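To start, the structure itself, in structure tokens.
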Ligand SMILES: Nc1ncnc2c1ncn2[C@@H]1O[C@H](COP(=O)(O)OP(=O)(O)O)[C@@H](O)[C@H]1O
Ligand SMILES: Nc1ncnc2c1ncn2[C@@H]1O[C@H](COP(=O)(O)OP(=O)(O)O)[C@@H](O)[C@H]1O
Ligand SMILES: [Mg+2]
Ligand SMILES: [Mg+2]
């Protein structure tokens, strides 16, 4: 009854968490993109 | 660590027992006032509203029981913090459903109504206390393996950018899929 | 203490969501679903399948935009469910299964629309409770009044509902499909007259912005036409997103005039002033004075500069000279419905009017026809 | 770990080959096949039948040089296969049957060209997998962008491809056959004006070197012509391989000007600036701003000194004044296509887009029209 519901919430929360990790990772890598791009690429 | 959640677990148990007693009193008020007919039949065994409010209360208890179990796993290393807060979310949904049902199905001035609202608020606050205690007890509360990585090669860095953005998009698409899966499992659970 | 309720006004063209007790919606975004209509060639981007809300409004160049709600009737239920998902989890960022939800609906809507709304809210989002209210009643609540005739003109529906001392008169409720989106389409049609060609849905959004930023209701239509012909003062310029500048003249007041002369778009119905007067005339003679004195206007389509003065003049020309006519047009009327919902969601007396999940499970969706007007 | 992929930009004039993940091509050599046109008289010498690449560039005195690729279309398949063999076994010195090969192609090319390329890669070299990418998309990859209009001007084909958020607009793709080789021919024609007669293919290579060493794009063509006709400051000298010193004046900037005035060579098409502006105007109105701000140039023909400033001035004269226009011209743009190809082939996601030789054997060469843009 509720076991499947809580399991679906489990997967939803795992994936929300790793999505937020992906956000932080992409942001921090984008922060340093100036170093390996030329001036015209800035 | 484990003792703090166990005290909060006992607080959970006390609050939910008071909630069950309040629900029983509300059911007694409903039949005496003729708000809803009492069929003392265990439709679909426990179900959700067999014999009325108390059935919901039972499931609410059941819900928080799972919550308590998660707490132990949280203090033994078999459950994540998101698991415990998802169980707390289910508990909150159940108690909100029960409280709104009794609020619309009973007199506003009823003493049982005030007891029900107080018990629901106590259950919610104690659940949040258990949630925060278990999250603080778990060492994985603030743990991230991501770090600053960069490549000197212009080909290498742009590859990092594109790979990160691809993980971005694929995770977002899978989040859309997972939301659809959760909606489907909710519809299958109950479809009237 | 008590869990706050969610107020979600899903209009034909805008979704306004927030929490009970607040004085303004927390999330206001277009109710559009965009799907890519080109070929994705760079693997790094172009993997998402659909964009909802402001994202679709920012990526309109490469998207086909569709409104799931047309004339106040939900036509694409998958898209509407997607929009509700976006509203709950992205904009409001709350779990719907802990807050009772107050939804809105235009009067005289199809019954299956309301039943499907209830079924989705209870079986897909698992809300503890719901209530579907009439937008005009919410507007009256927001006005702080118990008597008046509400003229709510949204993106897709324009309806007049008279209420006297908290009692609605269903036989006098008037509904007219002529609304903001029809005005946008007519503005596109008449902008073709100056050589400006807007065809795609993104161009429709651009024309909607032009309408919102440059159109007004003329006090006297013929005099305004004569003035526009004689002088170029009415002409005004607007900058397109691509840098081109377009100048529009009489169109600025020709588009909103369709509100009062629907025949401009081939509709046989009378203008909003005549519909309001007919709605008042359908009411009992003893209550017509208060309705005349309590004209309440809400909705985005009633935000045109000078619309209140034109409505007052038309109704004065229609009504007997002895009656005192007052158009109540608060500056925040574009959110009035939502505001009223917030008020209705904060009343202690309203807490017994919720349609709980117990009633839905024991009675099915049809319960929504026994607890909501 | 995983076997690296081969990136082989088979341009009309040059072949740029290397391994995915590197930041520069390992082998850059002219795509020419030379055959002796005289009689061998030394028994120990003059026996090889054909020279390929840089070797043919060292023996041009006794060779007829032919380009197997003309206007981005492979015309001599035996010569092209010879060049590919020289690339794999001599320059790169690797076995092609272990590395998936990424090949490039100009947009709007004949289907038979791409099908024959696939058939040669799978039947002659037995590559594990292959992929034909569009050069403009790779050029955009190299610049670390997802939005922009790529102007790729190679040796034999110029083309504008607009992309917005990773979505290409195939209806707005423009292709112009005017390119570096036509500029070389026009430079030969106008060098005959000063008495310098270049006729043979080797003399064509000499003129190409002159073009690469002395030609530039004038900011204002008429003022530059007046200055050249008045002063001698624009006259530069160049030493021929036989020791003769030639002096060229306005021909330094009158040659690249053909890119902006194709009528100089009798072509009716418009210049590269007008083609870029037309490609932008063929796009949706909402994305024209981002395209205006992201003009990306690539290819050898865009290495002319001062071409970016001239392009910026022309497009500014064409576009509305409000719009901001930025020409992105990285200093390594002569290898932008290959760098983008390496970036794409190094992606984990791209690893699923490989046309495997399994799919080739069941679907035939036509599979390349279902898996590549
Ligand atoms: N300032 C304005 N002037 C004229 N029209 C406006 C203005 N603001 C909004 N509108 C129109 O009102 C519509 C939005 O009305 P709204 O109150 O959001 O209705 P709904 O209840 O359908 O969301 C839009 O389609 C727009 O065309
Ligand atoms: N510095 C330069 N100035 C002017 N033209 C150049 C320069 N370098 C190369 N070119 C021209 O560009 C062409 C090479 O372009 P390339 O990027 O190799 O195109 P392809 O895609 O055919 O390989 C040559 O034919 C040459 O004439
Ligand atoms: Mg509205
Ligand atoms: Mg090229």
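Please read every residue number as a count from 1 along the shown chain.
Technique stated in the header: electron microscopy, 3.0 Å.
Each residue, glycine too, has its Cβ placed from N, Cα and C.
Around residue C:42 (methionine (R)-sulfoxide), no same-chain residue at least 6 positions away in sequence has a Cβ under 8 Å from its Cβ. In the three-state DSSP reading, residue C:42 (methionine (R)-sulfoxide) counts as coil. Residues or ranges marked as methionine (R)-sulfoxide in Swiss-Prot: C:42 (among others).
The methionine (R)-sulfoxide annotation in Swiss-Prot covers C:45 (among others).
The number of other Cβ atoms within 10 Å of the Cβ belonging to residue C:59 (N6-malonyllysine), over all protein chains shown, comes to 20. Sequence annotations record features per position, and here Swiss-Prot assigns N6-malonyllysine to C:59 based on similarity to another entry.
If you look up Swiss-Prot, you'll see C:71 marked as tele-methylhistidine, on the strength of experimental evidence. Within 10 Å of the C-beta atom of residue C:71 (tele-methylhistidine) sit 19 other C-beta atoms, taking all shown protein chains into account.
If you look up Swiss-Prot, you'll see C:82 marked as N6-methyllysine, on the strength of similarity to another entry. Within 10 Å of the C-beta of residue C:82 (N6-methyllysine) we count 20 further C-beta atoms, all protein chains included. According to its DSSP assignment, residue C:82 (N6-methyllysine) is helical.
Other Cβ atoms within 10 Å of the Cβ of residue C:175 (ADP-ribosylarginine) number 17 in total over all chains. Under the heading ADP-ribosylarginine, Swiss-Prot lists C:175.
Per Swiss-Prot, region 'Interaction with alpha-actinin' is recorded for C:108-121 (among others), and the stated evidence type is experimental evidence. Note on the region 'Interaction with alpha-actinin' (C:108-121): DSSP counts are 11 helix, 0 strand, 3 coil.
Under the heading region 'Interaction with alpha-actinin', Swiss-Prot lists C:356-368 (among others), citing experimental evidence as support. Within the chain carrying the region 'Interaction with alpha-actinin' (C:356-368), a Cβ under 8 angstroms from the stretch's Cβ atoms is held by residues 114-119, 122, 126-129, 132, all 6 or more beyond its ends.
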Separation of alpha carbons, residue C:71 (tele-methylhistidine) and residue C:175 (ADP-ribosylarginine) (Å): 11
Of C:42, C:59, C:71, C:175, chain D-adjacent modified residues (C-beta under 8 angstroms): C:42, C:59
DSSP helix/strand/coil residue counts for the region 'Interaction with alpha-actinin' (C:356-368): 11 helix, 1 strand, 1 coil
Cα-Cα distance linking residue C:71 (tele-methylhistidine) and residue C:82 (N6-methyllysine), given in Å to the nearest integer: 19
Spatial separation of residue C:71 (tele-methylhistidine) from residue C:45 (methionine (R)-sulfoxide) - C-alpha basis, Å: 35
Rounded to the nearest Å - Cα separation of residue C:59 (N6-malonyllysine) and residue C:71 (tele-methylhistidine): 25
